[PDB]
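This report refers to the structure that appears directly beneath it.
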Amino acid sequence: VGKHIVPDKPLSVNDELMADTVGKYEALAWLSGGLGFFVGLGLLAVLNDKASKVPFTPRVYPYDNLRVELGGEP
Amino acid sequence: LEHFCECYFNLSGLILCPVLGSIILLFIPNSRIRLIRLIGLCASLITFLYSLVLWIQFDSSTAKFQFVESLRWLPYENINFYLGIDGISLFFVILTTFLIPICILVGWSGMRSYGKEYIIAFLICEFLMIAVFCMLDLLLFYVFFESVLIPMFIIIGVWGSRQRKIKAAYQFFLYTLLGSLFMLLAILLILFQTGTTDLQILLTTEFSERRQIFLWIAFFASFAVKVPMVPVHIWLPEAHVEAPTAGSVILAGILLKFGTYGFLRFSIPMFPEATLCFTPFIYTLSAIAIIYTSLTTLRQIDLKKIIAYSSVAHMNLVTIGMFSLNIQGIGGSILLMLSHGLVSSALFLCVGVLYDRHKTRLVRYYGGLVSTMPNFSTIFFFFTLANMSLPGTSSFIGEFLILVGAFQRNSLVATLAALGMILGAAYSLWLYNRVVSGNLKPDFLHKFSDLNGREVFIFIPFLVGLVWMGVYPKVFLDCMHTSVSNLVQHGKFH
Amino acid sequence: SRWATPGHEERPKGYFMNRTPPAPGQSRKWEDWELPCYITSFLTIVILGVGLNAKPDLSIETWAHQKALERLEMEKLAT
Amino acid sequence: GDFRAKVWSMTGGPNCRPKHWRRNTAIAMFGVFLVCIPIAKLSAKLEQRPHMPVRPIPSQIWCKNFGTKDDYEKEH
Amino acid sequence: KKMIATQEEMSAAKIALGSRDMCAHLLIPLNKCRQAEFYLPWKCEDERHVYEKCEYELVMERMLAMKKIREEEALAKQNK
Amino acid sequence: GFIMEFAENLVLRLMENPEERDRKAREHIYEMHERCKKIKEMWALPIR
Amino acid sequence: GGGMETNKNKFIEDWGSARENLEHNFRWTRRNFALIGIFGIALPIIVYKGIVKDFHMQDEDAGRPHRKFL
Amino acid sequence: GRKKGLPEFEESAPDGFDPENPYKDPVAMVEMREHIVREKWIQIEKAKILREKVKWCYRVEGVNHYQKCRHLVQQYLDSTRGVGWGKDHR
Ligand SMILES: CCCCCCCCCCCCCCCCCCCC(=O)O[C@H](COC(=O)CCCCCCCCCCCCCC)COP(=O)(O)OCCN
């Protein structure tokens, strides 16, 4: 807006293309820890084996579990 | 055998039109600038209307060649040459005839200094390129393709902007001539077997799997230079940037299509077994070209250099489509060839509009142009969207049909080719926003003019064609299906 | 007040295609390219819009569709 | 600003206040309605309603494609 | 609890396949009323209550069945 | 009279006769497959 | 003040011309050898082997021998 | 001039083509290629007609489509295996 800066020094090669307090690999490590939280929660859910404590038997539909209505051989 | 066609409008008269224009212009004094301008423009427009008529009389049910007519070189009649089109070459004739008047119109303002030589060169180019697209003979395809080198050389060298045009013209001529000589070698090897160069006969002869391998390589050496395929693509940025605006339009919109036309017209049907054997090779080369060239495009700082690199990625997608060897693949390859010929030409025209006023190609000088040139900004945005294959535009049809064709053969090649959707968006939007968006920089540019009437009119048919192919590609695909189907089936009988 | 008090632009800002208007009562002078290009555009519209809709439908799809119908009929009615 | 008053655009540029904007708005509304008439006719012609509605519906006044797809075996 | 609604009735009423259970003979009147009343929640209250009681009983029977199986898992464990 | 019926008739008059177009196509091949032998005999003529 | 032509900046033009003449700077260094070996030979070979395997995996999925190539 | 009407072709495969040696009668070879292309388009047009049946059965039968469309779905999927020039050879 105000006054675009007109260069007075030689431009670098990568000037067409040119997050402040944390480092690069440190940020990668923090984010990896954050995702390892999700991994640990998934492993905990595996260890929980909630599927083995379901409090009802599986549903059973009539007419041979709706075989014909689901596209089976009539 | 005289194969003279019944139709009144035929191919020979469409060949003769720009020739007669050039002869007439040879003799008119350079002082009569208005007469020269009008005569050239009218010859080109009449040729365009003639090609449109040729589209109406076209029969979209046959796999044969149409309007076939013959052309008799010696009284011995051993060597007699044929012209004819089909559903793969028709729209390329139309595109050539359409682009040439655009080229004459782009240089309308500077014609007082351009002279009649500019119009004569472009008319000669038109005659040679229409001939090339209309030839049913390998040897005349060769002769008419090499001939365009002379006027193209002159066009780049004389009316290019700066002294880099020297190197650009040298490289264009030498690369193209090397490829052409390779394909001459292939033509002679074929002739030694068959005793002929007539395309129709070669479509009905059987080549050994071994003889096919060698002949395919010798065709590939021309065509890959023409496409261009990596790593013989480096002549293209130099030549397409240093050329004048209309020269760039002809180079990108027509001349680039000759390699893919050669692949469609001679290599795939004449040597189907070699075509099968080389398919992984072609897939690899094209996928490497798309990724690497798109990423190079991302880091270019010159307007014309960005638009020129974009064409390498688009043509290698075309090659993937045509070597998929099915309806989606070949249909999409042809449609993308035509759409690219419109879109890249319009983009070169936009950059030329900017260069004629400001005389710089460096992106950093521009910026904030939306506030001084809103009409140019809107048109530039539209063609930027078309270059990203936005659905609704013509390029999306060909792009998606090619991805369909590739996926049915090899899912990996389709996956590598679909990465272009991400990279082309990136560079196209970055270019547009650095040129048009932001603030003005008055220390570089402070005086502006939006498009005049001539420039708006020039853009109108490109917009109409892009939208028309984008929303209703049936008009084109209906005239092509029989030819495409017979190309896909050639060499097999089940 | 923006809805009840008329605007102030008696004439719009800018000139369409950046051409200054002709002197009052006069007409703009057409450049040499205008008439040939406009006549070509009109002829293009007429030729395509009439001939494309007037040309026979010869597409392989249309011929095969009619052929497919009659073969499904000939096989359905007969066994 | 200052130079933008000399810049022509289709959308009108900044702070666009055409003097006759009310009459122009009315003309635009009449144009949109006229354009909408053929669109409505084509839509009514093209609509396909395989199922009779539970209660009468407005589209039954103008659309005559209710309960026509029952013999889908003959579709082509 | 035996199946009352036939296959023909459930197809004619267009029941979502997952609601073709033992309680469908009550779903049919409930859905007829729901359609007639624009699916208003203060409407169809008797039909909805009857259908939901049926579904609740179905779930309760599958809960008691699972309660029986889980007390034989323990029988196996204490006899091993 | 009607524009389109005239246009139908005009476009059909412009077009190749499909029967004749497909028949000269057969004569070229039949004549070229059996005509491809004459010239190759001259290339085998001894220079001595 | 006068003209639509851009007022050139010497550093911007130096940057552009340096971009246009990069080939004069190539030295066969260690980094360049690695970059050409990885991206100019190895990666294309890996992609080619991927495409071919894709066809061979299709071939064995259809109960057919491996299609010969190249 | 083209007479008015749809294009006409021979119903039959050309007499003169030998599948053992197809590069023996060039004219018959070209005619056989065109005939095969036409036959392939007839199979594509058949699969497209069967697709219109499925489309409408789904739409008309709603939640009963699984049991009502079953035969149409089977017919369409059989016609689509080895159709045109897609993922199936012959
Ligand atoms: C499976 C292989 C397929 C074919 C590939 C090509 C052939 C294989 C590779 C050959 C390698 C030859 C030996 C190279 C290593 C030795 C290095 C010695 C030291 C050295 O730096 O010598 C340089 C020699 O470079 C040279 O002589 C350059 C070496 C040749 C490079 C070949 C590049 C191939 C194309 C790349 C891909 C293109 C397409 C990508 C899509 C010159 O050193 P200096 O001191 O002059 O340096 C400038 C300093 N001021």
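First the proteins, then the strands, lettered A, B, ... as listed; each starts at 1.
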Taking it one step at a time, do G:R19 and A:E16 satisfy salt bridge (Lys or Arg N to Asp or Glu O under 4.0 Å)? CA-CA 12 Å; G:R19 182 57 57 85; A:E16 56 249 64; 3.5 Å; yes
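- B:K257 contributes a side-chain N or O that, together with a main-chain N or O of B:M337, makes up a donor-acceptor pair within less than 3.5 Å.
- A donor-acceptor pair under 3.5 Å links the side-chain atoms of B:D450 to the main chain of B:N375, judged by distance alone.
- With contacts defined as side-chain heavy-atom distances shorter than 4.5 Å, the pair B:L440/B:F448 qualifies.
- With sequence neighbours left out, the side chain to side chain donor-acceptor pair (under 3.5 Å) criterion links C:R19 to no other residue.
- Using modelled atom types, no side-chain atom of B:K226 and backbone atom of B:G179 make a donor-acceptor pair closer than 3.5 Å.
- Every pair passing salt bridge (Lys or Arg N to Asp or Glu O under 4.0 Å) that includes a residue from residues 34-50 of chain B is listed here, sequence neighbours excluded: B:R34-C:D32.
- For B:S377 (side chain) and B:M373 (main-chain N/O), a donor-acceptor pair under 3.5 Å exists by modelled atom type.
- Within the 3.5 Å criterion, the main-chain N or O of G:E13 finds no donor-acceptor partner in the side chain of G:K8.
- Between B:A221 and B:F182, the closest heavy-atom pair is CB-CD1, 3.6 Å.
- Judged by distance alone, with hydrogens and angles left aside, the side-chain atoms of B:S310 form no donor-acceptor pair with the main-chain N or O of B:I306 at under 3.5 Å.
- Atom CZ of B:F173 sits in a crowded spot, with more than 12 heavy atoms from other residues, nucleotides or ligands closer than 6.0 Å.
- Paired with B:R434 under the rule side-chain contact (heavy atoms from CB on, under 4.5 Å), one option of B:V363, B:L303, B:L429, B:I301 passes, and it is B:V363.
- In this structure, B:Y50 contributes its side chain and B:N10 its backbone to a donor-acceptor pair below 3.5 Å.
- Residues meeting the ring pair (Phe, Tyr, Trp, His ring centres under 6.0 Å) test with B:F258, sequence neighbours left out: B:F133, B:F145.
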